[PDB]
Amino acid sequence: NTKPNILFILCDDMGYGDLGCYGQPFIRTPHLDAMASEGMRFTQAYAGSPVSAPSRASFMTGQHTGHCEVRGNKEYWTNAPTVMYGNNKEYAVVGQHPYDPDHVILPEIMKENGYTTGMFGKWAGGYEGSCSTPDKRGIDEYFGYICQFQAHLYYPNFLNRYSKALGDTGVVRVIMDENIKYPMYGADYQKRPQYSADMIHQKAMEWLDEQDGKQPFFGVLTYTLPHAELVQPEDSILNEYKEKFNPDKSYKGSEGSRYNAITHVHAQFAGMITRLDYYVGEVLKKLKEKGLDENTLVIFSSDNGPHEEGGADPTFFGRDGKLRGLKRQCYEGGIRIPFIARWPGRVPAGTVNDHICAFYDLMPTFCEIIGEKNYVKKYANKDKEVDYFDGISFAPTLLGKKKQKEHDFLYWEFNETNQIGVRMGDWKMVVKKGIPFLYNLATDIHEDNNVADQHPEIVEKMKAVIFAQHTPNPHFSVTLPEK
């Protein structure tokens, strides 16, 4: 301990069944499988939300989406002025709805505990010049995509940086000086040579290189893989899967979505996950090389369930999977995610953990690990009517030990599919357009058999949770069930 280092590798749109160690049959994930072998594989860990921005917001704020300022994907670039990068028209302001500036986020707690903070990849927590950019919210070294929409292109016009070390005064843009010579869409797009996932990992690894045993570090590696578009370097990883998958399918492109057309989509998606796995192997190798392995907790997870964008084929990859649904659904497949922890000599090796937990638990979990006691009394905003903190530390079960507290419920709400999810032990409610559906995850893991009619008292108990946990948010609307 003595303030352990923490790396949180949070990937983008990877399903529960997309890793080898969670049963994926078609994709090699040797480094994450070995991480699991040496660590703890969580079987009932959940995203903050079935989509990116609120799931990441839940992790950052320690709040469920009945309370969180961010409960959906909200764009601030739609009406932004245009800037030219070569012949390419680009938005002059990018990004999503900002985190509440009056509610603490995890990096700020780590800064108050004497940590240095890094974040490499997707921010998705406020647009350029907003009150919630990484510079303003406790990140010392940031490199990647401020904007989730920008992140659709793996060969973008620019990336974003805030580097204390370089004396940046705020977030800046780093132009991809080779990429902007070519179009953003069509036959010449793949002439772009500056691949963001490699560049962002290289910046993360340069940052990890600078760390030593002295000052504790907190790194958030929000790598965009395997989020669409399904375009990557045409290298030995991709070619392995072009050889393996036969026949394969293709994707015609969506210029409006910034998803380029591509061929061999099974090979592209498998390649993206094996590429990400190789990045994780490089992180773990670096910690060992620097003598930091025994004092660093590494967690790998995904922000939400599997996707069907840019040529992704979750039906194909889901052949052996147990959970129903995709990204944007409050069915188990939208919200239950891979979650692997490794901390040699602290987290018991080769374990499975069934503890029911969600991303809003990470804030109290980390606070417990770093010895930050009574974090709510310390960080709660006294100027608010009420400052919500929804998490329960799972530091005890992570460290194999006693006094592990249990949630009465987990809670999700999501505007685009108009859904509310509640999990109370074996019981799972999905509200769809205000109508409750009820499933037993012990007898019906795939949520095939709506049994609301057989359990009216359970339906009322779980609706009571919704009525108690949902507070109004003027930006993100869901239909509550009838009272």
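The first residue of the shown sequence is 1; numbering continues from there.
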property: Selected stretch [higher average CA B-factor]: 336 to 344 or 95 to 103; result: 95 to 103
property: Higher-B stretch (mean Cα B-factor, as the entry records it), 126 to 134 or 147 to 155; result: 126 to 134
property: Which of 468, 14, 9, 21 ranks first by CA B-factor in the deposited coordinates; result: 468
property: Out of 294, 313, 229, 198, highest CA B-factor residue; result: 294
property: Chain-relative CA temperature factor third for residue 188; result: highest
property: Residue 453, C-alpha B-factor rank within chain (lowest, middle or highest third); result: highest
property: Residue 74 - which third its CA temperature factor falls in, relative to the rest of the chain; result: middle
property: Residue 266 - which third its CA temperature factor falls in, relative to the rest of the chain; result: lowest
property: Where the record places residue 440 (Cα B-factor, split into thirds across the chain); result: middle
